[PDB]
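Contents: one structure, followed by commentary.
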Amino acid sequence: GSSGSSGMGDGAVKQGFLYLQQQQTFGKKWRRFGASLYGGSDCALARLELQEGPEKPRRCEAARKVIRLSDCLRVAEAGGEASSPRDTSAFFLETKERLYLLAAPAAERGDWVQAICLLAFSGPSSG
């Protein structure tokens, strides 16, 4: 193991760039947002963080977008049929709020869905 000092760094369970379809000026186009998979703890829960590319703090000082995996009511694996570009594999993401259709690379998707489904659907509860 580590005798002297190791140092912090690799924390998130899995890292990868995702694509969330959104609209700003017109039409529905895709937009890359730094995604980070967190979780695997006693108290701390799993959650997906995202980073947008705004211009300036006008309507909101901090423009952050996080989707609590635990919230994911249901998820599926698409074959990249949406507007998304070919040579990829999109996945379904349903949340109490709404349904988000993101796109992922057939390379990562495989693991993504697995991990996500492993965490998001780790320990459900019905209050």
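Quick note on naming: the chains in the structure tokens go A, B, ... in the order shown, residues restart at 1 in each chain, and ligands are numbered from 1 in order of appearance.
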
Using only C-alpha atoms, determine which residues lie at most 7 Å from stretch 34-49 of chain A, disregarding the query and same-chain residues fewer than 2 positions distant; provide the list as a ChimeraX atom specification. /A:12-18,32,51,65-70,119

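Within stretch 6-121 of chain A, DSSP applied to the backbone places the following residues in helix (DSSP H, G or I): residues 69, 70, 71, 106, 107, 108, 109, 110, 111, 112, 113, 114, 115, 116, 117, 118, 119 and 120 of chain A.
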
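Between atom CA of residue A:77 and atom CA of residue A:92 the interatomic distance comes to 6.0 Å.
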
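Distances here use only C-alpha atoms; by that measure, the residue among A:56, A:98, A:86, A:74 closest to residue A:118 is A:74.
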